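Backbone-built Cβ (ideal geometry, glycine too); neighbour counts: all protein chains shown. Where a number appears in this text, it was derived from the coordinates with a stated rule and is not lab data.
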There are 4 protein chains.
Amino acid sequence: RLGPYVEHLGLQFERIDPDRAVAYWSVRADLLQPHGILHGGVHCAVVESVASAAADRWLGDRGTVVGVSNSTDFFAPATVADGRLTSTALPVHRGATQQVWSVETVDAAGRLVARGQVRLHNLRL
Amino acid sequence: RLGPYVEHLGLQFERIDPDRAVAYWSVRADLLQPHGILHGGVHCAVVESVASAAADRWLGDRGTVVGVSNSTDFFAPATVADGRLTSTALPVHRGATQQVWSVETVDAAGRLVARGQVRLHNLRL
Amino acid sequence: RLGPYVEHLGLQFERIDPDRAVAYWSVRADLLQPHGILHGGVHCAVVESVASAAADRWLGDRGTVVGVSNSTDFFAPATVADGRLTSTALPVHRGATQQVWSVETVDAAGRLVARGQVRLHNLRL
Amino acid sequence: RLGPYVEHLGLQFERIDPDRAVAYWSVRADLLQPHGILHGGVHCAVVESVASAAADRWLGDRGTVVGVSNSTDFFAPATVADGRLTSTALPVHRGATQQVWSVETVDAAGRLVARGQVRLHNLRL
């Protein structure tokens, strides 16, 4: 119900509020880059997905949000062995025309694996 | 031969030199976000892929490269109607421990659709 | 005691711990850009200063830190009328070779005026 | 004629066209951070200044530009010994509401010392 690429990423949303969105997912064989770790683009795509879900839910019927930019740091290699990742988008700024959200991706232990900042534009009715 | 996620993205590399990498690809139905345009994470993933290919080819047998960060701007909506996209990674800095590459994604007309900067770490032998 | 540019910025540090640094400062006539608001570079410089102070204090005698990159968003115009700004650097990642800190600059009301992410390299002994 | 902070930075503009701006400047004792190299915020401030000059000149009488964000990488330490730096802003995207410019700061040899991407908003009449 969130689009076909989000389905392919395997994201499962636990919460989508106007102030927070949370999704679980896992590293998979088809999501890896040649040396057995998660392709970095997957981290960016998950950050984009989780922040966009939250931004959309915050704007509500007032308009539609369009991605502007995405800056993601990869802090640790993620593999299939690492189990279930949790990505949490938190608001940084939510105004008339712009939103910025911060998305942290952590493992079961709370180790920060990746983190991204997502700027989106509000297309208001 | 470039990994399973790169295959899923549909990237077709035309050139992978130590100083430039070029890949073609297209927007597809399964790569879209709910309102019929390319999911933004796909832009980031392609930027990551094309820059990593170039960085790897520049480091050669001297070591291996690991993604550090990825900052991608999305400048225009891309749809299935927009045809074939061309992503070109050009070097910004290539040193002992770090590389930075700049990747521009353009349409057939030369319209810049997205652009990303990719920082990678050199793990040398 | 923090360098001549930090002095020129007018930063006054309230706290410099291995896990947090806090500085106060104010918009001034000489820090403005042509239309009476704070020059954006001042926001970046303050973010750099406050994060570097914290990173240095966390690395301690173990080595020295060198700025790598600085990404600052400006969310609201700051003027002389806006009074005293408070910049707080919080750790995102602190590892062997790299540190990342997040610096928020707020006004008296808690309005977020600017926010920056600072990546630094640890040059260890 | 470009504001008081730009004056303090010592920037001297050689060219300000709608498609390029070029300024010269030098590392100075008061611009340094505690270990004798250029404070990183100075690099960001120069990137902001040179890109804003170009963006303003491109928008012309049509409106006014406001800084949105600034992402600067520092690639080599700059000192007083390094002589005259040249900062060149080139356009990445110039549209209805947004502009993005890329600013490279080089030394006399063409060594890239720092590079920044500056996003600005067009406030049109």
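Anything in region C:45-73 that is within 7 Å of another protein chain (Cβ to nearest Cβ), among the charged types (D, E, K, R) and either more than 20 Å from D:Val68 (Cβ to Cβ) or under 12 Å from the mean Cα position of the chain (by Cα) (or both)? List them, or say none.
Scanning region C:45-73 gives a single hit, C:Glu48.
Quick check: anything in region C:115-124 buried (at least 24 other Cβ atoms within 10 Å of the Cβ) and small (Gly, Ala, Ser)? Steps first, please.
Initially, region C:115-124 is screened for residues buried (at least 24 other Cβ atoms within 10 Å of the Cβ), giving C:115-116, C:118, C:120.
From the residues that got through so far, the ones that are small (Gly, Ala, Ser) too are C:116.
Looking through region C:115-124, at least one residue is buried (at least 24 other Cβ atoms within 10 Å of the Cβ) and small (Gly, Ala, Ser).
Considering region D:34-66 alone, what residues qualify as being crowded, with 23+ Cβ neighbours inside 10 Å and either free of Cβ contacts under 8 Å to residues at least 12 places away in the same chain or charged (D, E, K, R) (or both)?
Matches in region D:34-66: D:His39, D:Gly41, D:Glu48.
Give region A:1-14 a look and list any residue that's closer than 19 Å to A:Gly67 by Cα and charged (D, E, K, R), or say none.
A:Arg1, A:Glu7
May I ask you to verify whether A:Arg119 is farther than 23 Å from B:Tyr5 by Cα, more than 10 Å from chain B (Cβ to nearest Cβ) and among the basic types (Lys, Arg)? Let's see the steps before the verdict.
Working: farther than 23 Å from B:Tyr5 by Cα: yes; more than 10 Å from chain B (Cβ to nearest Cβ): no; among the basic types (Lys, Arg): yes.
No, not satisfied.
Filter region B:9-25 for residues that are of a type outside the set (A, V, I, L, M), closer than 22 Å to B:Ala108 by Cα and not in a loop (DSSP other than H, G, I, E, B) and give the result.
Within region B:9-25, the subset of a type outside the set (A, V, I, L, M) is B:10, B:12-15, B:17-20, B:24-25.
Next, from what is left, pick out any that are closer than 22 Å to B:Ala108 by Cα: B:10, B:12-15, B:20, B:24-25.
B:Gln12, B:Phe13, B:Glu14, B:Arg15, B:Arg20, B:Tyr24, B:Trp25 - these are the residues of region B:9-25 that are of a type outside the set (A, V, I, L, M), closer than 22 Å to B:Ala108 by Cα and not in a loop (DSSP other than H, G, I, E, B).
Where residues in region B:4-13 are more than 19 Å from B:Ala78 (Cα to Cα) and without any contact (Cβ under 8 Å) to a residue 24 or more places away in the chain, which of them is surrounded by the fewest Cβ atoms within 10 Å (Cβ to Cβ)?
B:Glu7
So B:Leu11 ticks every box in (1) within 11 Å of chain A (Cβ to nearest Cβ); (2) of a type outside the set (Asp, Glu); (3) farther than 24 Å from A:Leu32 by Cβ but one. Which box is left unticked?
Evaluating B:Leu11 over (1) within 11 Å of chain A (Cβ to nearest Cβ); (2) of a type outside the set (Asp, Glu); (3) farther than 24 Å from A:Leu32 by Cβ leaves (3) as the failure.
Restricting attention to region A:15-31, does a residue exist that is at the interface with chain B (Cβ under 10 Å from one of its Cβ atoms), under 18 Å from B:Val66 (Cβ atoms) and crowded, with 20+ Cβ neighbours inside 10 Å?
Checked region A:15-31: at least one residue is at the interface with chain B (Cβ under 10 Å from one of its Cβ atoms), under 18 Å from B:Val66 (Cβ atoms) and crowded, with 20+ Cβ neighbours inside 10 Å.
Looking at (1) touching a residue at least 24 places away in the same chain (Cβ under 8 Å); (2) touching a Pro at 6+ places or on another chain (Cβ under 8 Å), which one does C:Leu31 not meet, given that it meets all the others?
(1)
Hey, among the residues in region D:74-91 that are away from chain C (no Cβ under 13 Å) and of a type outside the set (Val, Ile, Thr), which one's surrounded by the most Cβ atoms within 10 Å (Cβ to Cβ)?
Going through the qualifying residues, I end up with D:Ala89.
What number of residues in region D:57-93 are of a type in the set (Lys, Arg) and closer than 18 Å to D:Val22 by Cα?
Within region D:57-93, residues that are of a type in the set (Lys, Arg) and closer than 18 Å to D:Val22 by Cα number 2.
Take the residues in region B:92-105 that are at the interface with chain D (Cβ under 10 Å from one of its Cβ atoms) and out of contact with any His (no Cβ under 7 Å at 6 or more places or on another chain); name whichever of them is surrounded by the fewest Cβ atoms within 10 Å (Cβ to Cβ).
Looking at the filtered set, the residue picked out is B:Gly95.
Taking the condition of being within 14 Å of D:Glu104 (Cα to Cα) and of a type in the set (D, E, K, R), how many residues in region D:26-57 meet it?
1
Kindly evaluate B:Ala108 against the criterion of being hydrophobic (A, V, I, L, M, F, W, C) and buried (at least 23 other Cβ atoms within 10 Å of the Cβ).
On the way: hydrophobic (A, V, I, L, M, F, W, C): yes; buried (at least 23 other Cβ atoms within 10 Å of the Cβ): no.
For B:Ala108, the condition - hydrophobic (A, V, I, L, M, F, W, C) and buried (at least 23 other Cβ atoms within 10 Å of the Cβ) - is not met.
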